[PDB]
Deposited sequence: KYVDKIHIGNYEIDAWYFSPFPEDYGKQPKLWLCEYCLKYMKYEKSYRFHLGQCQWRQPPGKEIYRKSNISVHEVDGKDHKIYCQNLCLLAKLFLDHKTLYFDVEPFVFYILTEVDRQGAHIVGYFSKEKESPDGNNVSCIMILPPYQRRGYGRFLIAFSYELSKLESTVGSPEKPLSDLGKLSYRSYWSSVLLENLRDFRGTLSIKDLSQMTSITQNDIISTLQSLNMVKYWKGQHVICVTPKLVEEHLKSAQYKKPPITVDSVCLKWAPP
């Protein structure tokens, strides 16, 4: 038997995928997780006891973004191994393709939290290779189900690219993306490129956004905004065409914006 259900904070969440918690934890009807330190437990009574003991009220690591009650913590996999392993086991319940859970030292993790009087409540995260040979600015990205489709994933996507900008690099998420991940990246890419075209070569879009040229091209193709001329993709759009796409109901929900002013982060 696998873990099929978790209790975290005030949520109960059904699993989507196998995650390799120890055998004796899977056998339980439900796993209970401290929303702050991510310790996983077998019983409600040990969970209730931990809640009265645990002194964490937010992720470890450094708070590298705070605007109002939205917060991002940077956590080095080498400085906080247990926490990051628990995070990976949690994430694997909702990620089909994640394969790495216990070798966390090559990764840094960016934890998104929503804050209230009681603490910084975990919403999702993305991991990132400290050294990405293939130029990936995201390794795995996960939003817990009760927060999906609510602007948090778009926030984390925009956040990964702001880091890429500060590093003077382009980056792409490591593939394969989940189904929701695909739609989310395509929608974010479209929003960003359509906004830049409203107020430019493909290379300039890539340098202004840190989106790779391939991701730009494939998005402009899906928008039918590129011409081909002698082996070269070339942007072919009328400012009115841009505006028509932006008025569509795709880009109608007001984002949680990433305010670069509130991002306290220098490149490694």
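Enquirer: Compare what was deposited with what's modelled and send me the C-alpha-less stretches, numbered from 1.
Expert: Unobserved in coordinates, per deposited numbering: 200 to 203, one stretch.
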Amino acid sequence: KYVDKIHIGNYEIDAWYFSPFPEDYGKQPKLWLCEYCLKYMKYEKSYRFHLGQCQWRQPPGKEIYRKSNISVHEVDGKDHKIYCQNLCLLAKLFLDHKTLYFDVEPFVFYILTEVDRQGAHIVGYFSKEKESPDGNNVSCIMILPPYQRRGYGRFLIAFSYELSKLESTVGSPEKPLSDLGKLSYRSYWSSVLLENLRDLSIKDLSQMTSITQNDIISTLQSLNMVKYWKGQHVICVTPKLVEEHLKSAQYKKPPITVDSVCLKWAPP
From here on, numbers count along this sequence of modelled residues.
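Enquirer: If you average the CA temperature factors over each stretch, which comes out higher, 94 to 102 or 144 to 152?
Expert: Mean C-alpha B-factor is greater for 94 to 102.
Enquirer: So 6 to 14 or 253 to 261, which one's hotter by mean CA B-factor in the entry?
Expert: Higher mean C-alpha B-factor in the PDB entry: 253 to 261.
Enquirer: So if I compare the CA B-factors in the entry for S168, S172, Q85, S127, which one is the largest?
Expert: Max CA B-factor in the entry, restricted to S168, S172, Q85, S127: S168.
Enquirer: Quick one: which of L31, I70, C37, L205 has the biggest Cα B-factor according to the entry?
Expert: Highest C-alpha B-factor among the listed options: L205.
Enquirer: Please rank the C-alpha B-factors of the chain's modelled residues and tell me whether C54 sits in the lowest, middle or highest third.
Expert: CA B-factor rank for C54: middle third.
Enquirer: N214's Cα B-factor: lowest, middle or highest third of the chain?
Expert: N214: CA B-factor falls in the middle third of its chain.
Enquirer: Relative to the other modelled residues of the same chain, rank the CA B-factor of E44 and answer lowest, middle or highest third.
Expert: Ranked within chain, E44 CA B lands in the lowest tercile.
Enquirer: Using the B-factor values recorded in the entry, state whether the Cα atom of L112 falls in the lowest, middle or highest third among the modelled residues of its chain.
Expert: According to the entry, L112 has a C-alpha B-factor in the chain's lowest third.
Enquirer: In terms of the CA temperature factor given in the entry, to which third of its chain does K182 belong: lowest, middle or highest?
Expert: Middle third by C-alpha B-factor.
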